[PDB]
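Data block below; observations after.
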Amino acid sequence: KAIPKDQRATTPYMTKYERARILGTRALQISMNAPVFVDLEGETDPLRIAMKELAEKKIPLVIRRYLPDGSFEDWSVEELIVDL
Amino acid sequence: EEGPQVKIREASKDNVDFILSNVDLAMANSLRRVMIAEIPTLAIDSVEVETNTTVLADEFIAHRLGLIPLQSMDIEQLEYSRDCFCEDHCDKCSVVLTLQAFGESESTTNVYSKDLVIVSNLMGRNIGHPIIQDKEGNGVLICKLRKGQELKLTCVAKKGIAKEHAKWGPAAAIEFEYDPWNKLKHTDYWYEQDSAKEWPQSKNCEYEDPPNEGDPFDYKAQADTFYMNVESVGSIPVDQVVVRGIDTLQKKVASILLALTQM
Amino acid sequence: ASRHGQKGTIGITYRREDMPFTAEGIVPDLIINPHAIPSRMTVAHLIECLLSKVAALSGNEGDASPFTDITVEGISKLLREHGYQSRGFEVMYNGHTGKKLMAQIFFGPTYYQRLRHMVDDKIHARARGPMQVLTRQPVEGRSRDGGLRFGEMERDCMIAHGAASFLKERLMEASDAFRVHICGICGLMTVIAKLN
Amino acid sequence: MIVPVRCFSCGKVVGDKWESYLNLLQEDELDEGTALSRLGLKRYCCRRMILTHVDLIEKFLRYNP
Amino acid sequence: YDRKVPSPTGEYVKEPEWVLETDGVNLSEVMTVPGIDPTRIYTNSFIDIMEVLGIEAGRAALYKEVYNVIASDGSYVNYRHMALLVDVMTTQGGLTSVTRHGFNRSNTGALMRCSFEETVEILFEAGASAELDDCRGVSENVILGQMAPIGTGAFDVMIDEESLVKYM
Amino acid sequence: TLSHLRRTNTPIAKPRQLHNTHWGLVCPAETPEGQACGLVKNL
Amino acid sequence: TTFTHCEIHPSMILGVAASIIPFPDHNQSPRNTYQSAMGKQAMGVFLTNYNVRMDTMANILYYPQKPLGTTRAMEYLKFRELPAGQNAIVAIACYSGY
Amino acid sequence: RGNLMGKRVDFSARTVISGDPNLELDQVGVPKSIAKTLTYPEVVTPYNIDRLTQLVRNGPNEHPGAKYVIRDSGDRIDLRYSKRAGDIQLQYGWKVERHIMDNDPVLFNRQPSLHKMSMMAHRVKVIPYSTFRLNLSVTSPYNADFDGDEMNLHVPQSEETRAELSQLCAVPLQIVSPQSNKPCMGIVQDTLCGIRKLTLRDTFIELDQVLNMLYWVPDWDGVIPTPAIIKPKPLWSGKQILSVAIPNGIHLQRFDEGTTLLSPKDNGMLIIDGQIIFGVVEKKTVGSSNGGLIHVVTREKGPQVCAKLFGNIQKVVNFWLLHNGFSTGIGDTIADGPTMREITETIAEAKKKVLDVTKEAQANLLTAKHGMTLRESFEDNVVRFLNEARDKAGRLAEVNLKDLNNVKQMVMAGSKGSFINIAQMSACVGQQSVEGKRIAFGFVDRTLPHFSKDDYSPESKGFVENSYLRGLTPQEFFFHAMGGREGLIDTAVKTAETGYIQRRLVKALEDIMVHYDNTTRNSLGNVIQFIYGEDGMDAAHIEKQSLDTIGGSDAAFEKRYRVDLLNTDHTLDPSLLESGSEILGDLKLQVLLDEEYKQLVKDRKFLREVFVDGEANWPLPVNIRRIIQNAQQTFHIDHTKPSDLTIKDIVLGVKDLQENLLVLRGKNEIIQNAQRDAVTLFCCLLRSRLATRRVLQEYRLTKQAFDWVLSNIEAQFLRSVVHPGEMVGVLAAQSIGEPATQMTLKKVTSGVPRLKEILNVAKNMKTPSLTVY
Amino acid sequence: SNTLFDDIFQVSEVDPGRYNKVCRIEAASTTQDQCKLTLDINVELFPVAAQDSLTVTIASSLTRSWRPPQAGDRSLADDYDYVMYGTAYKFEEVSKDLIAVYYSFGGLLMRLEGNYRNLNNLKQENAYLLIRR
Amino acid sequence: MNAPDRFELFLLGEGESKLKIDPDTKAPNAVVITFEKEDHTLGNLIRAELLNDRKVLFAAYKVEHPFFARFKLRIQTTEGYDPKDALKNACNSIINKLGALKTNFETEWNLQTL
Ligand SMILES: [Mg+2]
Ligand SMILES: [Zn+2]
Ligand SMILES: [Zn+2]
């Protein structure tokens, strides 16, 4: 059904499952020769580069949050706060 | 003389009870261990079984042959296999012993270490000789056999030390003690009523002056005096098992200075 | 294992250099942890040591038979008649330094059985290999090169952990996994795919 | 099953002392504990070694080829 | 028994009291008797405590009882869990048992109840009354080799091509 | 080997237990853990 | 003063296994029940004609030793003839931590 | 069930496990044999190419190497054969099945699996010999011994797969278990036992060693701490250095029994800025306890930092106890001769306290207690006597055993064994029983045939007088059997039946998880809980705190929370508040001040309406007690000079605080209303601890301190919330079934057979009872 | 770079509660009948029996790794026979105008009582203790 | 099976030196010397002697894990005095002491009967 970027209702923060999966997912790509959006301070381990992209919040992904009834909310790694 | 001195007490061909005085504990032990594990010796390390009918299986005897102590006084002039340029061993790094037995006697024939035979050139030096201390003169019973049971071997002895295996070590045991009257309180005796009575006294109390109640606790007291007693197997005369000890240990402490140099 | 349900396995081997010794010279062959006593409450095992450490010196095959007229007190006397502390303990020096061990250790013989089931008869690894025929899943047993189990319970934990992908992975890419075709009409495997 | 050359724990040679000890039993008719001390085995470690070993070999020997 | 209570002064004090313990169970009547507090009366047979007092109260009992089964061993479990369970066993309507005769009959798709005690029997009567399965169940996906909607999969991840530009 | 020779089996009302009558005839401590425990006894 | 009969010895209530266990009258009742199942997972000399037996799988302990501590019950269990372990110089203490 | 719901799998190994006090907590020793067998598919990338070609060059036999290269053309190059073995040029895109290497995360586990924790991820550490070597403390979670236990290891495969292990399954994360809102790994055996000894005031350490010990803690800042004692010989206290392992910032107040900031018995426990100030360190301080050291470090410093702690602590202790030696032997089981005879009669005095009642009933002179046979009433006392004896017989040996007895020591540290054990070995065994009723009459009217019929005396119904030291008697022996034998039985029943319960429970709640809206639903959509746990908090972030507002006389309450700016004796003495003197009287403040109080007041009644018991200690998110403790020494607050908080500053921020403690976020009423609810309980605690008077008279917070204490609470709370994703259903199940396996077993159906009853919703319960007040 | 306390006390009693090497001590002051003392002490390197004349001192001087000997010829505020170093944890108010402070030297506790160290006793860890005769 | 070869307890393997000296940064003027194919025997010893040199502010050593023959020794000294040099002496000192003992022992042995 979708939901406006306003009227948004989820948690402003990133869930462990999310972050967990983002890094993974991102690694996977990086490990696949996808483009890396951060300067590698010399890093060479994908999941480690991923940890970097994720701290300069330079990961081009979007976490779609399905709700019990099907509608979803879309947040960007950008927005989502990362406490953990 | 200059520093750490000794006062040998009893002393035979197999033991060397003695007293090490004015040294650091570390040093006493350091030595002890050295004696136990790193003194180069000789012993069987390869058995080429040609024929055997005994009830002891091949590798069994094998193991035994290794344990059987061998002469090793000139050891210090028989290169370790790994260094001698010969493809897999030579008179210049190894000793060869043969073994043959047959059940001629209609009543159990014994195979003793004396039945070993040296077939490699000795080059004139005390080595590779099955050491005997048995009254009769046949030491260490290798194995028995019946009717027509045979046993043709061939061994090769090499250097090696108690690190690579004990069958090499010459030590076999070593007494060690100090502060017979707990003066540094290096312990806390466990009792039910009174330590003194329940916890036996050591023959080594005498050689050191008793307590003297009143006296406060001596704290600046360290550890002079140790009552060792290097025993021995025979591969080496109890003395060398103590000299070569102080020797090998010393060489090591050098190869650190030597390495500090090439660096 | 001893003879008191004291089953336990090796953790490491040491040599006389590193081994804790008793002035006499002697050193142990075994070194079981003190903790394995208080709750097992097997004192018999504890006693056998004393009885044996005695009949080891006297050479009089100690008797530890069931209910009899023997005592612990009755033995501590015999061991004392020999010079070593009446309870078994002895002074010992820490092999690395050679310093004394503040406390004493209950030292002395004990019979120990070497039960079968050794390690190199179980160590087992597999990364793909023989595959069953009916199922097409890894075969069973270390004997046939088989694979290990990831059953219900181990799943239930991954679900717990919330480890979605890893679950799918154990379940597919590392076991079954198969590519079939369907009809968008009648949801069956009917389809006759000539991938060519 | 044959005497154990050398003592486990301690290390001292002990493979010869079989017959010597075994004799101090039938002939010189003595009691274990003492026999040992005479053979030189003083500490229980290298003591228990003899006092226990059961010479099965003799039984083994008694078969045939 | 030992029952703590509000002293007039404010403190909480040990104001013990006598109480009767039964050995049979007929609530609906022992309740209507003179002399007792028909407000604090409690039977461990929640089955009963639910037919009389009412489900909601029942839950409170079912829980209370279960809690006592874990505390009698000196172990502690955080509410939430026994709570959740007690709840699952009660929402539906009355007392739904954690057994083949209960929670395994609910509107949950086939494939899921499949993985428990009646398997084929359950499958058969699925193609019979042409059931439809959502594949929202954990089990479901596991059987298909699909990433289930669980933690790591309670959502989707996408490449916002837009933000994939300001990044360079 | 001996032990195995003196063994007892018992198919399928509180058997598993250790009975008084079991004194002197069957061993009290020798029996298999869990499963068929107390169903197999040693004389 | 009625005793019709009297037990040869009490230790005869035990069975094969238990009769090897030392001081059994000094253990938590169960600790014996286990030991009455491990002595069956041990190694020794199951016969002496083994150098002539072609049985699938078998273990012989190089240097068997008749136990120091014993039981009169062993004499009939022919133990001192075919033991199943070794008298080892034990040391109950904490060391490396292994 | 056996093919789809569970399968045999590849990339898996199993062997025997053994302890190795030299591995970090989160590691695991993989034997080279296996590291060389197991493989990981890495994808050739400029980042590695080099490293990878090396492994490929190395081959499948050396260790750090590989054994399979695969190019785009979907073809396997078997490194062990192929005439091109050493040749090969890699290609970006190709993959290289290589060997498992140091630090490849893997899933380790021990069946039976019934915990999130029965399976955790470890750092792989390739080691020789053949056994998985795992750290000790991570033992209890897997619930394993080294008595020949085997464990399974699974190896990840996708770069994202690993991700899931290291980010959610790694051991350091499992430290605080939600199944019981407390840590779940601790310190045991040697490390524990030893950690106590090393602590004692009595225990002093000299230079030569202190130095080595320092060296062992790998994160030592190279600052040989200043000796406690310097006088003749510079010495160090155990406590002194074990504290080198304890990281800065930590804090800890204990208070056992006789504790007094000078704890003579050296009880309690107090650690400041991470330096042990006083109190023996044992099970209660460094074990898997509630307010434990671990419990803190974790929630405070980090999950990674706490994992590193086990390491340090262990190494230090272990190395010390390594030399300080330790052991146990029979002598520890024998107490003072007089204490023996004193017991022999304490038993015998208990035999006549029985005999008397035996005859006193053999005459029909006993009042039949209500609801019990004259018989049932006879036994009930008998047993109660013998046991009353058996226990105090022990309490004698338990006290006559010296602070040097090893066995006792182990009991104190709590590393092993308990009271009963001492008793049964040294004093008196006990009265054997079967089904409650002491050994029965199998033999017509008597126990054994060694007894004259109708002999009810204890020496027949099954009472063992001797101790395990003395040795049972034939009769005693047999009875103890029959009795012990009962255990071995049900144990093997409470194991089979437990397994089922545990399973159902799971299948019954799989589908349940917390959904993004913060509701708890299953696979249909059916709400089960409208807020996980009636509060939305992840069990993991919770501790026992105290709701001071509840307990305490109506009197004390006033003297503590009441503030009246219109009274010389009920106002804040200006010695506390900067603007104190200029407040006394101000009427517009007295209203805030009075609002505050008419609230703390409402809170009271409210709480007393919920927790009737009067019990004040409850599990809740955000540990405020400690949150302040830090604020304290973090701003070196001096208890002398005055604060600088406007009374508004306070009361008007505490309010603004509650405002940001959001659980649910909805934009309407029905939702933004459940909000206030799910919080309510918390705030009470909140308003309780941040009450004006308190805030200024007990913990002299400045504005800085306060504004900080506030920030922390809000965020530390927003952390304790529950993550929409958690598969709470399974969790809950396990959390219950799990401890339902550890159940190893005043006269009612209780325990496992009971729990079975309950779940089955059985109509005919053995015991039906019912309490009426 | 100062000193922070001076006085002499008398041991009312010495207590060994299952501590072979250390006994806690309580003594009184030979001046103000206010200053009482409670201090744990190593009765092995510095024996002490009931009723004696001990001299107590404090001060924070004569925090970077501690250097071994060498000082065999350097500074030495050691004109005593017992010198510990620990920290002070609490500053209690024993009613009235009485202020007491507790101390701990990694295991050895201490309690002081009086009222004139209002500006003498700091509140920092630094706090060497001393004893003579 | 996985059991290493016994002789890896004393024989250095391909490309390794008895010593490896890494400069400790944790504190100024101090070092971490890694001794290969060695152990307590020589470690503890060079540690004690090394503790006498009044110029040695710090000195301890440790076997990182029983499985491997090797150990780390950390030494700290007074500025203007390189520790490497300190190590030297402390060994010479150890040798010399031994040089005497080898002598003084034999002295007493020659004077013996048996
Ligand atoms: Mg087990
Ligand atoms: Zn050669
Ligand atoms: Zn020996």
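Each chain in the structure tokens gets a letter, A, B and so on, in the order shown; residues start at 1 in every chain, and ligands are counted from 1 in the order they appear.
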
Would you kindly report the residues of chain B within 10 Å of chain H, using only C-alpha atoms, as an mmCIF file with N, CA, C and O atoms, in the first residue's frame?
data_model
loop_
_atom_site.group_PDB
_atom_site.id
_atom_site.type_symbol
_atom_site.label_atom_id
_atom_site.label_comp_id
_atom_site.auth_asym_id
_atom_site.auth_seq_id
_atom_site.Cartn_x
_atom_site.Cartn_y
_atom_site.Cartn_z
ATOM 1 N N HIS B 186 57.428 -20.250 52.820
ATOM 2 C CA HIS B 186 57.065 -20.542 51.442
ATOM 3 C C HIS B 186 55.921 -21.531 51.393
ATOM 4 O O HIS B 186 55.568 -22.047 50.335
ATOM 5 N N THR B 187 55.325 -21.775 52.548
ATOM 6 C CA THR B 187 54.220 -22.697 52.636
ATOM 7 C C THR B 187 53.390 -22.318 53.837
ATOM 8 O O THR B 187 53.742 -21.408 54.593
ATOM 9 N N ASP B 188 52.272 -23.016 53.990
ATOM 10 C CA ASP B 188 51.358 -22.825 55.107
ATOM 11 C C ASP B 188 50.920 -24.246 55.416
ATOM 12 O O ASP B 188 50.025 -24.793 54.769
ATOM 13 N N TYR B 189 51.571 -24.857 56.390
ATOM 14 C CA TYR B 189 51.255 -26.227 56.711
ATOM 15 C C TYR B 189 49.806 -26.457 57.092
ATOM 16 O O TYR B 189 49.192 -25.670 57.804
ATOM 17 N N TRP B 190 49.275 -27.553 56.579
ATOM 18 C CA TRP B 190 47.905 -27.969 56.804
ATOM 19 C C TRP B 190 47.926 -28.895 58.012
ATOM 20 O O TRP B 190 48.754 -29.800 58.092
ATOM 21 N N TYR B 191 47.020 -28.680 58.953
ATOM 22 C CA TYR B 191 46.985 -29.526 60.139
ATOM 23 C C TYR B 191 45.588 -29.855 60.657
ATOM 24 O O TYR B 191 44.574 -29.585 60.010
ATOM 25 N N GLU B 192 45.557 -30.457 61.840
ATOM 26 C CA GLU B 192 44.319 -30.815 62.516
ATOM 27 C C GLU B 192 44.461 -30.283 63.944
ATOM 28 O O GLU B 192 43.472 -29.938 64.594
ATOM 29 N N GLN B 193 45.703 -30.207 64.421
ATOM 30 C CA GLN B 193 45.978 -29.700 65.760
ATOM 31 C C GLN B 193 47.321 -28.959 65.878
ATOM 32 O O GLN B 193 47.365 -27.821 66.364
ATOM 33 N N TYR B 219 62.182 -11.001 57.029
ATOM 34 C CA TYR B 219 61.638 -10.734 55.713
ATOM 35 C C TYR B 219 62.686 -10.521 54.631
ATOM 36 O O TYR B 219 62.467 -10.900 53.486
ATOM 37 N N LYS B 220 63.825 -9.935 54.973
ATOM 38 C CA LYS B 220 64.858 -9.715 53.966
ATOM 39 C C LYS B 220 65.547 -11.022 53.565
ATOM 40 O O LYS B 220 66.479 -11.024 52.758
#

Practice problem: Report as a PyMOL selection string which protein, DNA and RNA residues come within 9 Å of ligand 2, using only C-alpha atoms and all ligand atoms. | Solution: chain B and resi 78-94

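When the distance limit is 7 Å and only C-alpha atoms are what count, the residues near residue 30 (chain A), minus those fewer than 5 positions from it on the same chain, are residues 35, 36 and 46 of chain A.
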
Saved selection, atoms kept: N, CA and C atoms, as a short mmCIF file (atom, residue, chain, number, x, y, z; two decimals), in the first residue's frame:
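Saved to again.cif:
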data_model
loop_
_atom_site.label_atom_id
_atom_site.label_comp_id
_atom_site.auth_asym_id
_atom_site.auth_seq_id
_atom_site.Cartn_x
_atom_site.Cartn_y
_atom_site.Cartn_z
N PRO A 35 31.07 -0.87 -6.26
CA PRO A 35 31.85 0.34 -5.98
C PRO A 35 31.83 0.67 -4.48
N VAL A 36 32.96 1.15 -3.96
CA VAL A 36 33.06 1.51 -2.55
C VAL A 36 33.04 3.03 -2.39
N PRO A 46 36.00 -6.76 3.21
CA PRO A 46 34.67 -6.22 2.91
C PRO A 46 33.80 -5.81 4.11
#

Practice problem: Compile the contact shell of residue 160 (chain B) as a VMD selection string: residues with an atom at most 7 Å away, counting only C-alpha atoms, same-chain residues fewer than 4 positions apart removed. | Solution: chain B and resid 40 to 42 164 168

Check: which chain H residues lie within 7 Å of chain I using only C-alpha atoms, as a tab-separated table (two decimals) with N, CA and C atoms, in the first residue's frame:
chain	number	residue	atom	x	y	z
H	201	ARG	N	42.76	-10.19	52.77
H	201	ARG	CA	43.65	-9.18	53.36
H	201	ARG	C	44.98	-9.89	53.65
H	202	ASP	N	44.86	-11.11	54.13
H	202	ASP	CA	45.97	-11.98	54.49
H	202	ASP	C	46.99	-12.14	53.36
H	223	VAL	N	52.42	0.55	34.11
H	223	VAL	CA	52.57	1.45	35.23
H	223	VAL	C	52.55	0.67	36.53
H	224	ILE	N	53.69	0.10	36.89
H	224	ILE	CA	53.82	-0.67	38.12
H	224	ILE	C	53.17	0.13	39.25
H	225	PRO	N	51.92	-0.20	39.58
H	225	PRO	CA	51.17	0.49	40.63
H	225	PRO	C	51.95	0.54	41.93
H	226	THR	N	51.71	1.60	42.70
H	226	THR	CA	52.40	1.84	43.98
H	226	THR	C	51.95	0.90	45.10
H	227	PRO	N	52.89	0.12	45.64
H	227	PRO	CA	52.72	-0.86	46.71
H	227	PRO	C	51.88	-0.35	47.84
H	228	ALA	N	51.09	-1.23	48.41
H	228	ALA	CA	50.26	-0.86	49.53
H	228	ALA	C	51.26	-0.64	50.63
H	229	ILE	N	52.09	-1.64	50.85
H	229	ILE	CA	53.10	-1.57	51.87
H	229	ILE	C	54.45	-1.18	51.27
H	230	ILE	N	55.15	-0.29	51.97
H	230	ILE	CA	56.46	0.19	51.53
H	230	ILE	C	57.49	0.07	52.66
H	231	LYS	N	57.01	0.09	53.90
H	231	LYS	CA	57.86	0.03	55.09
H	231	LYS	C	59.13	-0.81	54.97
H	232	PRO	N	59.21	-2.01	55.58
H	232	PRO	CA	60.53	-2.60	55.31
H	232	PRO	C	60.68	-3.21	53.92
H	237	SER	N	49.00	-6.25	47.66
H	237	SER	CA	47.87	-7.06	48.07
H	237	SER	C	47.26	-7.68	46.84
H	239	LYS	N	44.19	-8.18	46.02
H	239	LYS	CA	43.18	-7.23	45.60
H	239	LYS	C	43.81	-6.15	44.74
H	240	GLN	N	44.94	-5.64	45.20
H	240	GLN	CA	45.64	-4.58	44.49
H	240	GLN	C	45.85	-4.82	43.02
H	262	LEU	N	33.93	-0.83	56.48
H	262	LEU	CA	35.14	-1.21	57.23
H	262	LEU	C	35.01	-2.71	57.44
H	276	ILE	N	39.56	-2.46	43.44
H	276	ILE	CA	38.93	-3.12	44.58
H	276	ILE	C	39.31	-2.40	45.86
H	277	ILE	N	38.31	-1.84	46.53
H	277	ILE	CA	38.55	-1.11	47.76
H	277	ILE	C	38.43	-1.98	48.99
H	278	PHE	N	37.65	-3.05	48.91
H	278	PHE	CA	37.52	-3.93	50.06
H	278	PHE	C	36.49	-5.02	49.84

Practice problem: Do a neighbour search on residue 651 (chain H) at 8 Å with only C-alpha atoms, toss out local chain neighbours closer than 4 positions, and write the hits as a list in words. | Solution: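 So, after excluding close chain neighbours, the residues are residues 592, 593, 596, 647, 655, 691 and 692 of chain H.
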
Export, as a PDB file, in the first residue's frame, the selected residues with N, CA and C atoms.
ATOM      1  N   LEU H 592       4.979  24.187  42.588  1.00  0.00           N
ATOM      2  CA  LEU H 592       5.657  23.133  41.843  1.00  0.00           C
ATOM      3  C   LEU H 592       6.006  22.139  42.921  1.00  0.00           C
ATOM      4  N   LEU H 593       6.753  22.612  43.905  1.00  0.00           N
ATOM      5  CA  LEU H 593       7.155  21.775  45.010  1.00  0.00           C
ATOM      6  C   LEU H 593       5.990  20.964  45.559  1.00  0.00           C
ATOM      7  N   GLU H 596       4.785  18.262  42.877  1.00  0.00           N
ATOM      8  CA  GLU H 596       5.751  17.170  42.975  1.00  0.00           C
ATOM      9  C   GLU H 596       5.390  16.201  44.093  1.00  0.00           C
ATOM     10  N   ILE H 647      15.135  25.386  41.539  1.00  0.00           N
ATOM     11  CA  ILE H 647      14.212  24.325  41.865  1.00  0.00           C
ATOM     12  C   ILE H 647      13.438  24.005  40.598  1.00  0.00           C
ATOM     13  N   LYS H 655      10.324  16.293  34.423  1.00  0.00           N
ATOM     14  CA  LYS H 655       9.081  16.175  33.687  1.00  0.00           C
ATOM     15  C   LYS H 655       9.448  16.048  32.213  1.00  0.00           C
ATOM     16  N   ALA H 691      13.813  13.191  43.025  1.00  0.00           N
ATOM     17  CA  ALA H 691      13.000  14.063  43.838  1.00  0.00           C
ATOM     18  C   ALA H 691      13.907  15.150  44.378  1.00  0.00           C
ATOM     19  N   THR H 692      13.423  16.374  44.281  1.00  0.00           N
ATOM     20  CA  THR H 692      14.159  17.524  44.742  1.00  0.00           C
ATOM     21  C   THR H 692      15.069  17.246  45.928  1.00  0.00           C
TER      22      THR H 692
END

Exercise. Write out as a list in words each polymer residue (protein, DNA or RNA) that has an atom no more than 6 Å from ligand 3, with only C-alpha atoms and all ligand atoms counted.
Key: residues 7, 9, 10, 11, 45 and 46 of chain D

Keeping only N, CA and C atoms, write the selected residues as a tab-separated table (two decimals), in the first residue's frame.
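Below you can see out.tsv, which holds the result:
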chain	number	residue	atom	x	y	z
D	7	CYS	N	61.17	-46.90	34.81
D	7	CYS	CA	59.99	-46.47	35.52
D	7	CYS	C	59.24	-45.31	34.88
D	9	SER	N	56.72	-42.84	35.89
D	9	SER	CA	56.89	-41.60	36.61
D	9	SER	C	58.33	-41.07	36.56
D	10	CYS	N	59.11	-41.56	37.51
D	10	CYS	CA	60.56	-41.28	37.72
D	10	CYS	C	61.53	-41.47	36.55
D	11	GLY	N	61.75	-42.70	36.13
D	11	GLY	CA	62.59	-42.79	34.98
D	11	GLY	C	63.67	-43.81	35.04
D	45	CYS	N	57.22	-44.56	43.43
D	45	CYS	CA	57.04	-44.43	41.99
D	45	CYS	C	57.74	-45.57	41.28
D	46	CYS	N	59.07	-45.58	41.37
D	46	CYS	CA	59.82	-46.62	40.71
D	46	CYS	C	59.74	-47.91	41.51

Practice problem: Identify, on the basis of only C-alpha atoms, every residue whose closest approach to residue 42 (chain D) does not exceed 10 Å; exclude the query and any residue fewer than 6 positions from it along the same chain; express the result as a PyMOL selection string. | Solution: (chain C and resi 57) or (chain D and resi 33-34+36)
